[PDB]
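See below for the structure under consideration.
No lab work stands behind these numbers, since they all come straight from the coordinates. As a convention, Cβ positions derive from the backbone with ideal geometry for all residues, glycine included, and neighbour counts pool all protein chains shown.
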Amino acid sequence: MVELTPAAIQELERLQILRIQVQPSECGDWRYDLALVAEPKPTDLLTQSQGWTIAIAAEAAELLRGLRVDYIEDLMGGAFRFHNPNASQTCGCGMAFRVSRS
Amino acid sequence: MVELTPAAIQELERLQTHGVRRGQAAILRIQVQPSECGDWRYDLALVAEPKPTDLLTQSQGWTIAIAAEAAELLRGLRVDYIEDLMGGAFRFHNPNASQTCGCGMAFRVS
Amino acid sequence: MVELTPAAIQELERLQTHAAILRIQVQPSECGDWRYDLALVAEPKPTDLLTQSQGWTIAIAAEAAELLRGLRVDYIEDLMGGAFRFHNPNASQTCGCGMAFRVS
Amino acid sequence: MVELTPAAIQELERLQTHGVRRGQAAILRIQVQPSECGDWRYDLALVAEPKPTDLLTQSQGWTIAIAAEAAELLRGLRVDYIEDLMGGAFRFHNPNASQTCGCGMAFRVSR
Ligand code: FES
Ligand code: FES
Ligand code: NA
Ligand code: NA
């Protein structure tokens with residue numbers, strides 16, 4: 001359902017399982033919300049991929065099926081990056097999107 | 001959990017018939033789906049002055065001015081700021097913006 | 001009134017050093033929202049969460065539960081007629097922009 | 001900005017009686033509210049006076065008050081009233097509207 005680039009994984013050792021959900025946002029409609037968690041909500045959609053579990057929130061499946069997550073330090077600094085095939089628009093930074101109206 | 005005011009109940013109750021809509025068991029089932037809605041975006045600015053017309057409150061010893069006319073939308077706004085994995089962002093909480101209005105199809109025939 | 005947490009004061013105090021009057025205005029915009037699908041149904045799905053308000057059975061989709069917690073459903077007739085009003089304290093929460101000018 | 005058909009006027013004076021929740025002034029206050037259908041639902045109230053900050057329009061011996069933050073969403077709205085089997089309903093034709101829901105109460109604006 002969802003992938004992470006090896007690059008993201010390792011920024012994820014950074015622990016000084018991952019849970020992707022969305023929240024309403026000013027730029028766009030939805031901004032990704034990322035947490036490191038002890039346990040997936042029981043109804044999350046899980047994927048293995050480089051021995052990590054990825055917890056997609058079920059209500060957001062529609063908004064996230066197919067998602068790609070990468071870490072890049074570029075000229076704006078270091079941040080997770082997102083290639084969401086469901087995004088019909090992403091803000092400038094990539095962390096906010098909107099999908100097409102139903 | 002969920003509350004249904006009693007006005008929401010009569011309407012429900014009004015709805016289980018209409019036509020011959022089942023003299024049988026009837027549970028209210030709520031599920032959800034991603035959608036979008038009108039929203040008010042906040043323009044925070046640091047002026048030298050208020051307009052001779054803003055409403056001035058006080059929080060953290062900073063004065064806050066609000067446009068006379070956004071008054072109702074704005075009392076209730078709580079501005080926070082969190083840094084997480086996605087970085088650092090202001091967080092806007094407002095219970096009045098929380099009000100969404102439901103579909104009107106139940107009321108309408110053209 | 002408008003309330004600014006300590007975490008937010010510090011992030012503003014930060015910026016301002018790069019009289020303190022913060023001014024707020026709104027402009028019409030859009031954001032993402034959860035649409036509540038109400039239905040009346042015979043039985044719930046076997047995975048739903050069952051609750052109750054005033055003697056109505058309410059089945060909630062398993063995933064919707066976190067988000068629906070504290071949802072209040074009112075109903076009003078105005079000049080436009082009747083419709084449910086939904087007020088969800090959870091979802092009254094919008095995340096601001098992650099970006100800033102590099103020289104501000 | 002903002003027009004009422006006599007049909008809408010007629011219905012407005014009707015409710016400004018027989019539902020003598022009036023404010024007892026020929027004042028109609030229009031604003032919007034976030035909507036499950038589309039983006040914004042219109043919201044109409046008869047009020048006693050308008051908020052000092054609203055945008056006034058005078059039609060047909062009626063004061064029409066548009067909430068200032070919604071100016072942009074409502075400029076040039078025309079409001080009609082159509083009888084139906086429910087007793088009637090206001091209709092809105094909003095030059096700002098990019099889609100309108102099935103029942104007309106709600107509209108989206110352009111992205
Ligand atoms: S508000 Fe639901 S279709 Fe008109
Ligand atoms: S969140 Fe504002 S540009 Fe991406
Ligand atoms: Na937005
Ligand atoms: Na909506």
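Of all beta bridges DSSP finds with both residues in the stretch A:1-94, what is the antiparallel percent, to the nearest 5? It would help to have the intermediate numbers written out before the result.
Numbers: 18 of 23 bridges.
Around 80 percent antiparallel, to the nearest 5.
Under a Cβ-only charge scheme (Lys and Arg +1, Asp and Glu -1), can you give me the dipole magnitude of the stretch C:48-104 about the Cα centre, in debye to the nearest 20?
Using Cβ point charges on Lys, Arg, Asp and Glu, the stretch C:48-104 gives about 300 debye.
Cross-link candidates for B:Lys51: which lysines have Cα within less than 20 Å, leaving aside residues fewer than 8 places away along the same chain?
Here the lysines satisfying the reach criterion relative to B:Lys51 are D:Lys51.
Projected onto the charge dipole of chain B (+1 at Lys/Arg Cβ, -1 at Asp/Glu Cβ, origin at the Cα centre), which of B:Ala26, B:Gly104, B:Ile9 gives the Cα projection farthest towards the positive end?
B:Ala26
Using amide H atoms built in the peptide plane, which far-off residues or other-chain residues are under 5 Å from B:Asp39 H to H?
Excluding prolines and chain starts, which carry no amide H, the hits are C:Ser29, C:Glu30, C:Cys31.
Could you give the dipole magnitude of the stretch A:1-93 about its Cα centre, charging the beta-carbon of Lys and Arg +1 and that of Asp and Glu -1, in debye to the nearest 20?
With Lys and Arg at +1 and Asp and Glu at -1, about 120 debye.
In a Gaussian network model over chain D where Cα atoms closer than 10 Å are linked, find which of D:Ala26, D:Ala67, D:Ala89 has the largest mean-square fluctuation.
It is D:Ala89.
Just add up the charged neighbours of C:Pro44: K/R +1, D/E -1, any other residue whose Cβ is under 15 Å from the Cβ of C:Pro44.
-2
I'd like the mean, over residues of D:48-56, of how many other protein chain beta carbons sit within 10 Å of each residue's own Cβ.
2
Quick check: the angle from helix B:6-16's long axis to the longest principal axis of chain B, C-alpha only, nearest 10 degrees?
On a 0 to 90 degree scale, this one is about 40.
Any idea how far the Cα center of the stretch D:49-111 sits from the one of the stretch B:90-110, in Å?
Measuring centre to centre over Cα atoms gives 17 Å.
Rounded to the nearest 500, what is the 222 nm mean residue ellipticity of the protein assembly as shown from helices alone, with -39500 (n - 2.57) per DSSP H run of 4+ residues and division by all residues? It would help to have the intermediate numbers written out before the result.
Numbers: 8 runs with 55 residues, N = 427.
Roughly -3000 deg cm²/dmol at 222 nm, from the helical runs in the protein assembly as shown.
So what's the net charge close to D:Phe90: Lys and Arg +1, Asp and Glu -1, counting the other residues with Cβ under 9 Å from its Cβ? Mind showing how you got there, number by number?
Details: positive: D:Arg91; negative: D:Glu11, D:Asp80.
Charge balance in the 9 Å sphere: -1.
Output the relative contact order of chain B, whole-number percent, from Cα pairs under 8 angstrom with separation of 6+ residues.
Computed value for chain B: 12 percent relative contact order.
For peptide A:18-26, what's the mean number of Cβ atoms from other chains within 10 Å of each residue's Cβ?
Counting Cβ atoms of other protein chains within 10 Å of each residue's Cβ and averaging gives 6.
About its Cα centre, how strong a charge dipole does the protein assembly as shown have in debye, to the nearest 20, once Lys and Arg get +1 and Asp and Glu get -1 at the Cβ? Don't jump to the answer; show the numbers that get you there.
Working: 38 positive and 52 negative charges, 119 e Å.
Result for the protein assembly as shown is approximately 580 debye, rounded to the nearest 20.
Would you list which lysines come within 25 Å of C:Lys45, measuring only between C-alpha atoms, while excluding same-chain residues fewer than 8 positions from it?
Within the straight-line limit of under 25 Å, C:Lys45 reaches these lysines: A:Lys41.
Can you find, among C:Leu49, C:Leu71, C:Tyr36, the residue sitting farthest towards the positive end of the charge dipole of the stretch C:1-72, where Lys and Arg contribute +1 and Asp and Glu -1 at Cβ?
C:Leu71
Give me the Å³ per residue figure for the convex hull around the C-alpha atoms of the protein assembly as shown.
Normalising the Cα hull of the protein assembly as shown by residue number yields 166 Å³.
Direction-averaged shadow area of the convex hull around the Cα atoms of chain C, nm²?
11.6 nm²
Fewest to most neighbouring Cβ within 10 Å: what's the order for B:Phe92, C:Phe101?
With the fewest neighbours first, B:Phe92, C:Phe101 line up as C:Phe101, B:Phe92.
Within 10 Å of each residue's Cβ, count the other Cβ atoms and sort D:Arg108, C:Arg102 from fewest upward.
The order, fewest Cβ neighbours first, is C:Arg102, D:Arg108.
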